[PDB]
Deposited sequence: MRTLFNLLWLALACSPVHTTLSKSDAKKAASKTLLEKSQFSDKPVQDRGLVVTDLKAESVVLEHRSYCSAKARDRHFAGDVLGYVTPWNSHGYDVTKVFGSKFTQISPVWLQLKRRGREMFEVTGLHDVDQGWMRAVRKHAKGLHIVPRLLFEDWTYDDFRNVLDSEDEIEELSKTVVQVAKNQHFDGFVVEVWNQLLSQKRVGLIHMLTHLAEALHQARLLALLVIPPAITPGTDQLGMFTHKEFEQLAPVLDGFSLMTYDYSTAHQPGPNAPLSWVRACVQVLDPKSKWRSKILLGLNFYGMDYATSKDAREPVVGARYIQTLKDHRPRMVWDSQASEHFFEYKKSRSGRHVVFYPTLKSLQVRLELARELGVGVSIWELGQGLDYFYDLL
């Protein structure tokens, strides 16, 4: 046991009194698969919503075909930007782009923008140095990226480079502005992944704050704000404490000038902490459910962090603590996003539970 529905639903979880702080394991494992199919094409969230899809949690590809209308942007994690040599750039991973899948998700979800993640990988201090320094090389980099976008039918890219350098920026901001301009000239979208303004556990600003935002926000289309992964293996706790999330937006755009360009980050995966071993593992839907069945734990609602956690004990490992999103933790953050005037980005659409989408 315990009973697991498999049929769809007439009404979405919000109209079934399912989004509650008083949660029972049985309620989750019983309803998770039962999403409202009849309204799988309706949007209950008004802002933009970006969804990431990865090849290693392929359930995401299917989720996207079923719930695509609930998304404004879908970003597949396939590509990397490599600098092979002076004025020589190469987009790798193209062997994973699935044209048939793209044709499918676009068929039943017009307006859906497919903006693949472009990760700067294997770059060195000098790569950035020689590149951020030459307008020529920047232009070459732009030609490369725009080409794979037009040849592979991508609506643009979600660039991930900012903390993926860690030197510190007038020069980085410069090649991002240029790239975005080149992209825009080709009728393509330009988004940027960015770290939370307030660094977890420190009460201090991080590498991407209002100084940077002010300069890029006018030119870029969106910002995938990582507002998740707040706790660590050594210091177990919530994924994204509600008020930290709220502050991370306020501190980044206090005067509310580009709120709709901010995609507030949400995690669909959870973390399973080994309290004694000072270690942790990420947990996706399949595991989460299995865990609830295996231990039938008591779900506790941390009203301050606004998340549910539960404890269980393994004979070998010891005592564990799990923080995985629930309908309550999600709805609460979608309301925050609503109130903050911001959008939402979900990492990723192969890690959560099917009835989550009823909320989007």
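Colleague: Please list, in sequence order, every stretch of the deposited sequence that lacks C-alpha coordinates.
Modeller: Gaps vs deposited seq, in order: 1-32, 201.
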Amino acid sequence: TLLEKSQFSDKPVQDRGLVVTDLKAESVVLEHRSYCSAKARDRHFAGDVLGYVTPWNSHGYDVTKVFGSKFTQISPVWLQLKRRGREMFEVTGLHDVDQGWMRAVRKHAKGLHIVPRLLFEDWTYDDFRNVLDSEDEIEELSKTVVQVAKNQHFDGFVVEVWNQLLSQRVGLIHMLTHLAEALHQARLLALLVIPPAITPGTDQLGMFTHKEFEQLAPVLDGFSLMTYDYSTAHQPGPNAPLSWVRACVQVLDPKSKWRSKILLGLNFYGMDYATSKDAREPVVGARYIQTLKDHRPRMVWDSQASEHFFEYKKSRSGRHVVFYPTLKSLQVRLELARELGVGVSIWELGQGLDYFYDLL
From here on, numbers count along this sequence of modelled residues.
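Colleague: Higher average CA B factor in the deposited record is what I'm after, so tell me if that's 312-320 or 27-35.
Modeller: The recorded data point to 312-320.
Colleague: Can you tell me whether 106-114 has a higher mean C-alpha B factor than 72-80 in this record, or the other way round?
Modeller: Looking at the recorded C-alpha B-factors, 106-114 comes out higher on average.
Colleague: Out of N163, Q204, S260, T227, whose C-alpha atom has the biggest B factor in the entry?
Modeller: Most elevated C-alpha B-factor of the set, per the entry: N163.
Colleague: Which one of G222, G171, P195, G285 shows the biggest C-alpha B-factor in the PDB entry?
Modeller: Highest C-alpha B-factor among the listed options: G171.
Colleague: Would you mind checking where the Cα B-factor of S9 ranks among the modelled residues of its chain, as the lowest, middle or highest third?
Modeller: Highest third, going by the recorded CA B-factors of the chain.
Colleague: Consider only the C-alpha atoms of the modelled residues in this chain, order them by B-factor as the entry records it, and name the third containing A40: lowest, middle or highest.
Modeller: Highest third, going by the recorded CA B-factors of the chain.
Colleague: Ordered by C-alpha B-factor within the chain, which third holds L264? Give me lowest, middle or highest, please.
Modeller: Within its chain, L264 is a lowest-third residue by C-alpha B-factor, going by the deposited values.
Colleague: In terms of the CA temperature factor given in the entry, to which third of its chain does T92 belong: lowest, middle or highest?
Modeller: Within its chain, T92 is a middle-third residue by C-alpha B-factor, going by the deposited values.
Colleague: Select lowest, middle or highest to describe the third in which the CA B-factor of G85 falls within its chain in this entry.
Modeller: Tercile = highest for this residue's CA B-factor.
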